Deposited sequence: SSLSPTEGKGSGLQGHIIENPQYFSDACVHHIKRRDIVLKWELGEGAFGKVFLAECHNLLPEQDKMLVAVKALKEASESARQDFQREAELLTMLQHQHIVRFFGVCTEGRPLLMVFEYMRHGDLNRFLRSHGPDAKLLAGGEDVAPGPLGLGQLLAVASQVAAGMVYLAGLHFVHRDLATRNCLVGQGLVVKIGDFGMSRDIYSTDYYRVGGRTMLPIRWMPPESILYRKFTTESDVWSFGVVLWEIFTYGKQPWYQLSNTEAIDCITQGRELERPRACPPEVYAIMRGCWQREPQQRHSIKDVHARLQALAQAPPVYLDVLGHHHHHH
């Protein structure tokens, strides 16, 4: 499905004993399975006992797909990709073990730290310019890594990023986005749900997905960040958003967004995929601004 790692045409899979996993409570549930918070014993040398997110898959094709999923997730090792620890194949259900990200999905985190909201890692009130850039740079670093391994995401959006302790941001999700954020998808035939608001015209019109369609989605992610998690084209219905995107309309500059950052967004939104800036360049630009001294960021 769109955004699933198995859509990539790209064993060393680590196994965990069922006894080493102790389920605490459910974190969520979707069409593909349930996600629990659990304690995992003897996983990391110093740890002894550590918190993890455990995806219990619903279930053949399912067992075959599971193995291909774990192989692909095992290939990923980067500071800005949600860590995959391994599987549990003893008994049912089959389990996938991941690191636990304390602050939840990036969309929820932006909204809870934005002007429309009701203090350990973040100051009171809306996130500052420097925090917004740090968040953007980290998502970009994750996208640089995936592009380097020739992976295509297809569902890049803040809902599909997680936030951990110390404001660490990583790309990853436990396959519940269509269930938690159903309004972020356009349902085509009772089953297929498309994240049209994050998609470029070649993906909507021609159903083509590449590193360049992901860079367009990154531009939309940049916009979500600088709007504090607001839905792109929120004022438009699903058909009206398809019309705007195909007609070549671009999202307005967010109020918290400096001109320099908006130029980075527009670079991701070139009609011709070939003309879009590389993620490597997008990352270098955002990282530079993120680590800029307060004197420089204050005038931006």
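- In sequence order, the gaps in C-alpha coverage of the deposited chain fall at 1 to 12, 23 to 26, 76 to 77, 137 to 140, 323 to 329.
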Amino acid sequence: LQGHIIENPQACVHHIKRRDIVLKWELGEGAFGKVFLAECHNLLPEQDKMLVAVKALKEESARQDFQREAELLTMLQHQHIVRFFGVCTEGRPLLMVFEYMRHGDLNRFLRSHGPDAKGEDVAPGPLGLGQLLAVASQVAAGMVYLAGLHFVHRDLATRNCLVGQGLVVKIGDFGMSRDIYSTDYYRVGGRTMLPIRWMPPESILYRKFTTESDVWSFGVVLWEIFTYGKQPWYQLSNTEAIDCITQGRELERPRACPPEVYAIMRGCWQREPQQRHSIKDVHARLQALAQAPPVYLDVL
From here on, numbers count along this sequence of modelled residues.
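Here the rigid core means the biggest group of C-alpha atoms that line up within 1.5 Å when the two forms are laid on top of each other.
- Of the two segments 166 to 174 and 126 to 134, the one whose CA positions lie farther from the displayed form in 9 other deposited structures of this protein, once all are superposed on the rigid core, is 166 to 174.
- Root-mean-square C-alpha deviation from the shown form, taken over all structures in 9 other deposited structures of this protein superposed by the rigid core, is larger for 25 to 33 than for the alternative among 25 to 33 and 246 to 254.
- In at least a third of the other compared PDB entries of this protein that cover both flanking sides, residue 45 is left without coordinates.
- Where the other entries of this protein model the residues before and after it, residue 191 is dropped from at least a third of them.
- Here 199 to 207 and 99 to 107 are compared by their mean Cα B-factor, and 199 to 207 comes out higher.
- Relative to one another, 33 to 41 and 61 to 69 have unequal mean CA B-factors, and 61 to 69 is the one with the higher figure.
- The PDB entry gives the largest Cα B-factor of the residues 225, 87, 169, 75 to 75.
- Looking at the C-alpha B-factors along this chain, the one for residue 235 belongs to the middle third.
- Per the PDB record, residue ranking by Cα B-factor puts residue 173 in the lowest third of the chain.
- Residue-level temperature factors show residue 116 in the highest third of its chain, judged at the C-alpha atom.
- In the deposited entry, the Cα temperature factor of residue 149 places it in the highest third of its chain's modelled residues.
- Ranked by Cα temperature factor within the chain, residue 134 sits in the middle third according to the deposited record.
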